[PDB]
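Listed below, chain by chain, are the residues.
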Amino acid sequence: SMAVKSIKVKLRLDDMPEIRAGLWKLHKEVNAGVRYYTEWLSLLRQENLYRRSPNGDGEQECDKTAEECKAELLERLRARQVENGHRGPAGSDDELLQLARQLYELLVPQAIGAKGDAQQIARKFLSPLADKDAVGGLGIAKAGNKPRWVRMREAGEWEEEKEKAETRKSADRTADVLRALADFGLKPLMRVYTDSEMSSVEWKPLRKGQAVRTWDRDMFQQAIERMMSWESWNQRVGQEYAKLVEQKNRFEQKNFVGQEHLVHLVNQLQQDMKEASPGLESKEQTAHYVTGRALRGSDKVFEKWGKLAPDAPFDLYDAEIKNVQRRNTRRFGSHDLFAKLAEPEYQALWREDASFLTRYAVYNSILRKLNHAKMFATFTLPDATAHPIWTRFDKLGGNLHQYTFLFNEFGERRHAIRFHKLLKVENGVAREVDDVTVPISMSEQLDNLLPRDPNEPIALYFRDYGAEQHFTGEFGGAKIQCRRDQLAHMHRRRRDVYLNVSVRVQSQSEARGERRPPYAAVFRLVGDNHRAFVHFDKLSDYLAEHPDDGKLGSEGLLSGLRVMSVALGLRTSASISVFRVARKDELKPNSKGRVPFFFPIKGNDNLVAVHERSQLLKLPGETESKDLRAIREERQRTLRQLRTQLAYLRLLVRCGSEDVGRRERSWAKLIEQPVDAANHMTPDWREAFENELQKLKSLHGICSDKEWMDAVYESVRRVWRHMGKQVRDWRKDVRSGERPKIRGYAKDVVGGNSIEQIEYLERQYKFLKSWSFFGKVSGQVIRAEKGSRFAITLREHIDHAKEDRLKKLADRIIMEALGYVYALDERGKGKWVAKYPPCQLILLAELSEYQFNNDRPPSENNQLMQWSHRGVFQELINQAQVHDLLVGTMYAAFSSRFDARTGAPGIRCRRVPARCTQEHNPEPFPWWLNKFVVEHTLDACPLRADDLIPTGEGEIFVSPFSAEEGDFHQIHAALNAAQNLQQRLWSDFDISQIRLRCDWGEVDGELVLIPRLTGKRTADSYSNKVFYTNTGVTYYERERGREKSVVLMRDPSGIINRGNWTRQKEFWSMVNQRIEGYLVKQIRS
RNA sequence: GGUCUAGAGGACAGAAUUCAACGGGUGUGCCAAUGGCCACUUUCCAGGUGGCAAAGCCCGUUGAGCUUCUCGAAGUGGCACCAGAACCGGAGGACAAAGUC
DNA sequence: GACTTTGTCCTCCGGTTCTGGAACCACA
DNA sequence: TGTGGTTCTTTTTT
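Residues numbered from 1 in each chain as written, not as in the entry; some residues may be left out. Chains lettered and ligands numbered in written order. Heavy atoms only, no water.

**Let's talk about the overall build of chain A**
Helix and strand counts for chain A come out as 29 helices and 31 strands. Overall, the C-alpha framework of chain A stretches about 100 × 90 × 75 Å when taken along its three principal axes. Relative to its full complement of 1085 residues, chain A shows a buried share of 43%. Carbon together with sulfur atoms contributes 47% to the accessible area of chain A, which is approximately 60,000 Å² in total. (Helix = DSSP H or I, 4+ residues; strand = E, 2+ residues; numbered from the N terminus. Buried < 20%, exposed > 50% of the residue type's maximum accessible area, 1.4 Å probe, protein only. Areas by Shrake-Rupley, 256 points an atom, 1.4 Å probe, with all protein chains shown as cover.)

Written out as structure tokens, the structure reads:
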């Protein structure tokens, strides 16, 4: 309910090693304490425990079975009765096992599916289960916090709340489980860890009537927490495994009931390629099964196959596959699958049902995910070094061992932390101490914390560049952490120790005693994706209650109503456009009296959404210039050289194969062509590679196999030893190299926080992995070992690079929504200034369904992981909680393919750079300009500067503006998608207004398209309607309500096909003809 | 100024363009930002493992030298930061064979 | 550079379920 | 504002 933030602080422990060894001893103690109580809970659970399987990661093994638990649990229970000196009844083995099971389901209610408070369960049971003289859990104790109804009865009156105490105390088996534990001699069930033989720490002597320390209560709660979440996963894994078995069986008899003979044929196919595969021997059950990845683009190949003869030769079937792949190499599947599907014995899989193979691929994916799906969540005990938990410290006033944050205890910015209880180690003995003050290393992050109240040293202020007034906050719990790498080590050194302090920060809305900000009642955020919906009823009165008064920054959140839409991307990290709700009684702007761009708002006819500003929120490094383009090519020069050199080394290794017909085919590829017509290799290594080739040419055929193969391997060593020194010097210049480094703030940097610079790092890791695992023997597989790490320092930099990009992206989006802009003065050299009124809502694109999938090509999944938009979406919700900013998503289908201003569909285009048209020193054409010149054969046509090139993926969106041939409307593709989200907000957009899915059928005697009713909006408009045709392309609605489905598209601007309902294929070709068809013809003249 | 609207910090093309003394400090990182030497990893490369060492790093002041202003002054650092444990998934990466633009 | 099938290792992105208290009364 | 036991709770990207 309140924004929590963690500021990790480092302890200066150089001058006091006895406390450093005490903090490390305390860490092993708490980890041992939690492990003791968690192990106890596992025995009370008396069910199977599963661990990670060694000798092969994937499946899981049974670490401890149920009988192993009950036997070990009874061994503890019987021994405890002896220790307690029980003279009464000892109870049957079945009685004790059931009693222990009853207690476990009270300790971890999630075992049976209930909810549980880890705080209160640990407080309620630790003493009654380990204190010899405990009276808690029963109804005897008079102490404790007063019930709800007592607080009501004294002030705030009661009747129903006193009832709820009894009727809940009725269903509380705690009192009886405790008395049953008492009658069996198990009154102390477990031991107090600090007061047992397990800890060698000389703890402070126990007070009278004390048996549990604050350290034990910390250990017990953290044992309940991990045991709760794990049980919640045991239930979740078993549930999701059950729905998988139901999915497998609900599918066979719901998709291909009458298509049983095709199922037997694809099974023959999947074992056909299984035997005839030259790859490694299969081991998986679903090996060589038909997957959706292998069928990528099968729709294009099948339609082109239907126009053929079943007895026709292969080459006309195969060359029709090559044409589909050439259309886009990225979105194509397996050539061998389509090659075997063209064989006449297998043609029935795609001839009868052209959608059966994709249907059966889904069945195979359910098969594979079921063979790997786990049935139980693995169980791992905490460990001081392997799976560490951290010693918590309550804030000042808390119930655990507390701490104070001492502002400026030793200097201007020299802060300190006083642990009221701690451990100290002097000459090997651990001793509990009181009131240890520990200074903190300098942290510029701590400069955002100011003390608020001297009498309450928990209070603080919180600074922020996007808040004119500082927030009020409180210190919270803290935890003592060490690094993970300094953890598995021991050595004999005096290991950095950190305190992770939790800071609770109160937002300006929360400071006014309001559950939600006043503008939250205007925007309905639904679901985990925060799908935004506008309450059009209420915004007519909100503007009356919250008029725009010009207050900037965080001070203007309660005045006006503004929404900022954000279009995330790779080239530009974010593209924004701000709109303002205002009456249509407006005027002309300050620049040159141009009627401002606005959108109509549904419901209110007096109010519109006026566009305020649009901006490209480029993170540093996402710019481009002549010198920047040169440096980025030079920074990867020697890398791209070594990458192509290694590729030819492998071609040389294959020549030493033991397979005649492999080395011969490999030796052919080496001598048939010149070595490096593209000049991608280095000069000297290529001269060495040419010396070896001409040496083997004077031996090929002349010599014998075991004498030619011996020379090929010896030649590999020289070239490998040679290129080895090259890789050595390249890395030397990478780490120690002296490259120019920016000082101060500066725009137009080489990499910065861009995707390219992270991939520049990723490219180095990918090559080094390919260089170390390079094999000198042809045919051998070289993988990493079962516990190895590779390029540890480089990998951590790559992750830190993405982590820094992610946080700076979210802050940039947030600082812009609030109306702050980082501007330069050169007398101040950069400072955040409030320039605009803030936006109350950040509208993103609904991209939760844009996930990594095996159906997507690996290059597309890779970009999705470099992008990681869902990570950006979660970091936005994190940083926005303090500023009272709402973040929501908008349905984003076709957001980049339709005009935001006009509504007409369009195509993403690029413009020809002037580097390729200048007569003085022109630069070569890029990849996209080549693919376009080739498709339409424009080799002899002179391109001009800023010529539009329709590529389907550029940064310039182009749409037909009217029926005039050549009349276009051009705008930034990202900003066009951002404004499209805004247009869809104020109009309550639904996809049924532009696209519809239908199926054929009879209604009034004729064949018509019956639209699929998806969502209440589609049912509200098209349930009672149906679509007819006279030509099969353009459909018209009626009023009465093949085998594949038909998707109809619609131009809301009426420019393309008069805005009638058009079949999807021909619709986008009309879009293509009116844009691409025009641009090609004007170029040809 | 050319191209394109959203008329904005507008967007595409274009043209244009740092030592050492002393003192203090080194939370997590990034910005061209991936530390150095030795030894081992059988071999020389990569990668890993260990050891060693001095610092390398900012900040402040004082000098120099650079690089722009006016008829000597200024400028030689900026940025972001909500975490913890366990778990279940999703997918990349590398190697070998084979087949493909 | 882009694409597929076979296995096996290191890594990364996404999401889940717990969490990072509050307060009363006898103490001696 | 002590502690320690106790109760507190119902398509999109490029």
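**Things to note about the sheet that holds strand β22 (residues 907-911)**
Strand order in this open sheet of 4 strands is β23-β22-β24-β25, and the pairing throughout is antiparallel. Both edges of this open sheet fall to β23 (948-950) and β25 (968-972), since each of them pairs with a single strand only. Adjacent strand axes in the sheet meet at a mean angle of 40°, parallel and antiparallel pairs treated alike. When β22 meets β23, the two strands line up antiparallel, connected through 3 bridges. Paired with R910 across the two strands is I949, which belongs to β23. (Pairing = 2+ DSSP bridges. Axes fitted to C-alpha atoms, helices over the stretch in contact; angles between N-to-C directions.)

**Some points on the domain arrangement of chain A**
The assigned domain composition of chain A is domain 1 (3-14 + 381-511), domain 2 (19-239), domain 3 (260-352), domain 4 (524-620 + 809-891), domain 5 (626-735 + 747-781 + 788-803) and domain 6 (907-1083). On a C-alpha basis, the centres of domain 2 and domain 4 stand 49 Å from each other. (Domains from an automatic or database assignment.)

**A look at the protein's contact with DNA strand D**
In the neighbourhood of DNA strand D, 44 residues make up the surrounding shell, with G136, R148, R217, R331 and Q402 lying closest. What you see for DNA strand D is that sugar and phosphate hold 59% of its atoms within 4 Å of the protein. Interatomic distance of 3.1 Å between a side-chain N/O atom of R123 and a base oxygen of DNA strand D. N145 is positioned such that a nitrogen or oxygen atom in its backbone is 3.0 Å from a base oxygen of DNA strand D. For the surface near DNA strand D, the secondary-structure elements that each account for two or more residues are α4 (118-130), α5 (148-154), α6 (159-170), α8 (214-255) and α24 (858-867). Broken down by element, the surface near DNA strand D gets its largest block of residues, 4 residues, from α4. In terms of residue class, the surface near DNA strand D is built from 14 nonpolar, 15 polar and 15 charged. (Near = heavy atom within 4 Å. Polar contact = N/O pair within 3.5 Å; in protein donor to acceptor, adjacent residues only side chain to side chain. Nonpolar A, V, L, I, M, F, W, Y, C, P; charged D, E, K, R; others polar.)

**Structural notes on the protein's contact with RNA strand B**
In the region of RNA strand B, 141 residues are neighbours, and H611, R739, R743, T793 and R901 sit closest. Atoms of RNA strand B within 4 Å of the protein belong to the sugar or the phosphate in 77% of instances, the rest to bases. Take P278: an N or O atom from its main chain is 3.4 Å from a sugar or linking oxygen of RNA strand B. Here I782 contributes a backbone N or O atom positioned 3.2 Å from a sugar or linking oxygen of RNA strand B. When residues in the surface near RNA strand B are grouped by element, the largest group, 11 residues, is from helix α23 (residues 792-817). When grouped by side-chain class, the residues that make up the surface near RNA strand B number 47 nonpolar, 44 polar and 50 charged.

**With respect to the packing of aromatic side chains**
Tallying each qualifying case throughout the model produces 48 aromatic pairs. Between the aromatic rings of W230 and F379, the centroid separation amounts to 4.8 Å while the plane-to-plane angle is 55°, which identifies the pairing as tilted. With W230 in helix α8 and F379 in the loop between α14 (356-372) and β4 (391-393), the pair connects residues that are 149 residues apart, well separated along the chain. The two residues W230 and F379 agree in class, both being buried. (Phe/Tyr/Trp six-rings, centres within 6.5 Å; stacked < 30°, edge-to-face > 60°.)

**Considerations on the sheet that holds strand β6 (residues 416-426)**
Spatially, β5-β6-β7 is the arrangement adopted by the 3 strands of the open sheet, whose pairing is antiparallel. At either end of the open sheet lies a strand with only one pairing partner, and these are β5 (403-406) and β7 (429-439). Each neighbouring strand pair of the sheet contributes to a mean axis angle of 40°, computed without reference to strand direction. Pairing geometry for β6 and β7, over 10 bridges, is antiparallel. Bridge pairing in β7 links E426 to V429.

**Quick word on helix α25 (residues 869-879)**
Those residues of α25 lying buried are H869, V872, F873, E875, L876 and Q879. Relative to the axis of α25, the buried residues are bounded by an arc of 170° and lie together on one face. Those residues of α25 hidden inside the fold are in contact with β14 (562-568), α23, β20 (841-846), α24 and β21 (886-891). (Arc of directions from axis to C-beta. Contact = heavy atoms within 4.5 Å.)

**What to know about the state of the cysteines**
Summed over the entire model, instances satisfying the criterion amount to 0 disulfides. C62 provides the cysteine sulfur closest to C69, a residue in no disulfide bond, and the two sulfurs are 8.5 Å apart. Its relative accessible area of 0% is what places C69 among the buried residues. (Disulfide = S-S within 2.5 Å.)

**Regarding the nonpolar core**
Ranked by internal contacts, the top residues of the largest apolar core, which has 92 residues, are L44, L107 and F419. The element that contributes the greatest number of residues to this core is helix α1 (residues 17-45), accounting for 11 residues. Beyond its immediate stretch of four places on either side in the chain, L107 contacts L41, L44, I121, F125, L129, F220, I224 and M228. Counting residues in each nonpolar core, the second largest holds 55 residues, with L557, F597, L876 and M890 among its members. (Core = buried A, V, L, I, M, F, W, Y, C linked by side-chain atoms within 4.5 Å.)

**Notes on the pattern of salt bridges**
Scanning the entire structure with this criterion turns up 58 salt bridges. Between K395 and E474 there is a salt bridge, with the nearest N and O atoms lying 3.6 Å from each other. With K395 in the loop between β4 and β5 and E474 in strand β10 (residues 471-482), this residue pair connects regions lying 79 residues apart in the sequence. You can call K395 partly exposed: its relative accessible area is 25%. Two residues, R1017 and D988, come together in a salt bridge whose shortest N-O distance is 3.1 Å. One end of the pair, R1017, is in helix α28 (residues 1015-1022); the other, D988, is in the loop between α27 (973-986) and β26 (995-1002), and 29 residues separate them in sequence. Look at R1017 and you get partly exposed, because its relative accessible area is 32%. (Salt bridge = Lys/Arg side-chain N within 4 Å of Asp/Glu carboxyl O.)

**Structural notes on the pairing of strand β24 (residues 956-960)**
Of all 5 residues making up β24, 5 are buried, and the element is well covered by its neighbours. Neither face of β24 is left uncovered, since the one carrying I956, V958 and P960 and the one carrying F957 and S959 both have all their residues buried. In this sheet, β24 lies alongside β22 in antiparallel orientation, the contact comprising 3 bridges. The residue bridging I907 from the neighbouring strand is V958, located in β24. One ladder, built from 5 bridges, connects β24 with β25; its direction is antiparallel. Each residue of the ladder has a partner; that of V958, found in β25, is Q970.

**A few points about unusual backbone geometry**
Residues other than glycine seldom take positive phi values, yet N55 does so here, at roughly 60°. Looking at the secondary structure, you find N55 in the loop between β2 (49-52) and β3 (60-64). Positioned with a positive phi, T937 is a non-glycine residue whose angle comes to about 55°. Counting through the fold element by element, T937 comes out in the loop between α26 (927-936) and β23. Residue classification places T937 among the exposed residues on the basis of a relative accessible area of 54%.

**A look at the packing of α4 against helix α7 (residues 174-183)**
Running from N to C, α4 and α7 point in directions that differ by 15°, and their axes come no closer than 11 Å. Judged on the interaxial angle alone, α7 and α4 are roughly parallel. The handedness of the crossing between α4 and α7 comes out as right-handed. Mapping the contact onto sequence places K124, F125, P128 and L129 in α4 and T174, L178 and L181 in α7. Tallied by class, the residues present in the contact of α4 with α7 amount to 5 nonpolar, 1 polar and 1 charged. (Parallel < 35°, antiparallel > 145°, perpendicular 65-115°, else oblique. Left-handed = near helix turned anticlockwise from the far one by under 90°.)

**Quick word on a nonpolar patch on the surface**
Residues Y745, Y822 and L824 make up a contiguous nonpolar surface patch of about 280 Å² in total accessible area. The residue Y745 is located in the loop between α21 (705-735) and α22 (755-772) in this model. (Patch = residues over 30% accessible without salt bridge, like charges linked within 9 Å, V, L, I, M, F, W, Y side chains within 5 Å.)

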